[PDB]
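Student: For reference, this is protein_4.pdb, and it has PDB, C-alpha atoms.
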```pdb
ATOM      1  CA  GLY P  97      49.011 -64.688 -45.131  1.00  0.00           C
ATOM      2  CA  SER P  98      45.373 -65.723 -44.459  1.00  0.00           C
ATOM      3  CA  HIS P  99      45.310 -69.600 -44.462  1.00  0.00           C
ATOM      4  CA  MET P 100      47.695 -72.579 -44.001  1.00  0.00           C
ATOM      5  CA  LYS P 101      47.113 -76.383 -43.555  1.00  0.00           C
ATOM      6  CA  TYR P 102      47.842 -78.681 -40.565  1.00  0.00           C
ATOM      7  CA  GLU P 103      47.966 -82.518 -40.176  1.00  0.00           C
ATOM      8  CA  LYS P 104      45.186 -84.410 -38.253  1.00  0.00           C
ATOM      9  CA  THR P 105      46.458 -88.042 -38.470  1.00  0.00           C
ATOM     10  CA  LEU P 106      45.186 -90.157 -35.498  1.00  0.00           C
ATOM     11  CA  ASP P 107      44.411 -93.459 -37.358  1.00  0.00           C
ATOM     12  CA  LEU P 108      47.593 -95.201 -36.026  1.00  0.00           C
ATOM     13  CA  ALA P 109      47.226 -98.302 -38.310  1.00  0.00           C
ATOM     14  CA  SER P 110      47.754 -96.001 -41.394  1.00  0.00           C
ATOM     15  CA  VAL P 111      51.273 -94.643 -40.511  1.00  0.00           C
ATOM     16  CA  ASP P 112      54.515 -96.030 -38.953  1.00  0.00           C
ATOM     17  CA  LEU P 113      55.433 -94.048 -35.776  1.00  0.00           C
ATOM     18  CA  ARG P 114      59.138 -95.038 -36.443  1.00  0.00           C
ATOM     19  CA  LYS P 115      59.226 -93.204 -39.865  1.00  0.00           C
ATOM     20  CA  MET P 116      57.361 -90.067 -38.679  1.00  0.00           C
ATOM     21  CA  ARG P 117      59.324 -87.031 -37.281  1.00  0.00           C
ATOM     22  CA  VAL P 118      59.278 -86.083 -33.546  1.00  0.00           C
ATOM     23  CA  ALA P 119      57.420 -82.830 -34.417  1.00  0.00           C
ATOM     24  CA  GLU P 120      54.610 -84.882 -36.098  1.00  0.00           C
ATOM     25  CA  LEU P 121      54.427 -87.381 -33.183  1.00  0.00           C
ATOM     26  CA  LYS P 122      54.264 -84.532 -30.541  1.00  0.00           C
ATOM     27  CA  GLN P 123      50.996 -83.357 -32.196  1.00  0.00           C
ATOM     28  CA  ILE P 124      49.434 -86.821 -31.478  1.00  0.00           C
ATOM     29  CA  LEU P 125      50.144 -86.264 -27.719  1.00  0.00           C
ATOM     30  CA  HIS P 126      48.862 -82.606 -27.957  1.00  0.00           C
ATOM     31  CA  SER P 127      45.581 -83.926 -29.509  1.00  0.00           C
ATOM     32  CA  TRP P 128      45.219 -86.336 -26.500  1.00  0.00           C
ATOM     33  CA  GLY P 129      46.205 -83.593 -23.933  1.00  0.00           C
ATOM     34  CA  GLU P 130      49.408 -85.560 -23.010  1.00  0.00           C
ATOM     35  CA  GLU P 131      53.140 -84.764 -22.615  1.00  0.00           C
ATOM     36  CA  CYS P 132      56.343 -86.667 -21.635  1.00  0.00           C
ATOM     37  CA  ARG P 133      58.926 -84.562 -19.730  1.00  0.00           C
ATOM     38  CA  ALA P 134      61.240 -87.629 -19.483  1.00  0.00           C
ATOM     39  CA  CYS P 135      61.274 -88.099 -23.338  1.00  0.00           C
ATOM     40  CA  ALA P 136      64.877 -87.510 -24.590  1.00  0.00           C
ATOM     41  CA  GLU P 137      64.603 -89.021 -28.149  1.00  0.00           C
ATOM     42  CA  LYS P 138      61.896 -89.638 -30.846  1.00  0.00           C
ATOM     43  CA  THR P 139      61.568 -93.330 -29.811  1.00  0.00           C
ATOM     44  CA  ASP P 140      60.389 -92.272 -26.296  1.00  0.00           C
ATOM     45  CA  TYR P 141      57.341 -90.523 -27.891  1.00  0.00           C
ATOM     46  CA  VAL P 142      56.832 -93.630 -30.137  1.00  0.00           C
ATOM     47  CA  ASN P 143      56.905 -96.042 -27.134  1.00  0.00           C
ATOM     48  CA  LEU P 144      54.323 -93.811 -25.391  1.00  0.00           C
ATOM     49  CA  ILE P 145      51.937 -93.531 -28.376  1.00  0.00           C
ATOM     50  CA  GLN P 146      52.079 -97.306 -28.871  1.00  0.00           C
ATOM     51  CA  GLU P 147      50.401 -97.758 -25.389  1.00  0.00           C
ATOM     52  CA  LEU P 148      48.158 -94.649 -25.763  1.00  0.00           C
ATOM     53  CA  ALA P 149      46.815 -96.006 -29.118  1.00  0.00           C
ATOM     54  CA  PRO P 150      44.560 -98.746 -27.538  1.00  0.00           C
ATOM     55  CA  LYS P 151      43.675 -96.072 -24.876  1.00  0.00           C
ATOM     56  CA  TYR P 152      42.310 -93.388 -27.306  1.00  0.00           C
ATOM     57  CA  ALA P 153      41.717 -95.205 -30.705  1.00  0.00           C
ATOM     58  CA  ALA P 154      39.970 -98.526 -29.789  1.00  0.00           C
ATOM     59  CA  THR P 155      36.112 -98.813 -29.595  1.00  0.00           C
ATOM     60  CA  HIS P 156      36.418-101.294 -26.654  1.00  0.00           C
ATOM     61  CA  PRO P 157      38.378-100.598 -23.379  1.00  0.00           C
ATOM     62  CA  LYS P 158      41.902-102.062 -22.798  1.00  0.00           C
ATOM     63  CA  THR P 159      42.847-104.657 -20.090  1.00  0.00           C
ATOM     64  CA  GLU P 160      46.172-105.257 -18.230  1.00  0.00           C
ATOM     65  CA  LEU P 161      47.872-105.731 -14.785  1.00  0.00           C
TER      66      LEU P 161
END
```
Output the file's structure as structure tokens, nothing else.
Tutor:
Amino acid sequence: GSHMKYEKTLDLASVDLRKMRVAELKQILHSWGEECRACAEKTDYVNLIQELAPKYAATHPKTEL
């Protein structure tokens, strides 16, 4: 045709990563320039995003060991 919509959800507190589809969750990683070659199932993308959320969505830096 000439126009179609796309999703742009990156406010992680708004939507449960468990209830989303793997196609929808892949576009979060594509927006952050990331991939996961070892991901076999949807939950592997979820487990990634859950650690990438405080990396790319917080206003303050993260801290760990």
Student: Got a sec to resolve the PyMOL selection byres ((chain P and resi 114) around 8) on this structure and send the residues as a PyMOL selection string?
Tutor: chain P and resi 112-113+115-116+139+142
Student: Looking at P:161, P:154, P:124, P:134, which one is nearest to residue 105 (chain P), with distances taken over only C-alpha atoms?
Tutor: P:124
Student: Rounded to one decimal, what separation in Å do you get between CA of residue 153 (chain P) and CA of residue 125 (chain P)?
Tutor: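 Rounded to one decimal, the two atoms are 12.6 Å apart.
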Student: So how many Å separate CA of residue 119 (chain P) and CA of residue 141 (chain P), to one decimal?
Tutor: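 About the pair CA of residue 119 (chain P) and CA of residue 141 (chain P): they are 10.1 Å apart.
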Student: Rounded to one decimal place, report the CA of residue 150 (chain P)-CA of residue 101 (chain P) distance in Å.
Tutor: 27.6 Å
Student: Leaving out region 120-122 of chain P and any residue of its chain fewer than 6 positions from it, which residues lie within 12 Å of it when counting all atoms listed in the file, given as a count of residues only?
Tutor: 27
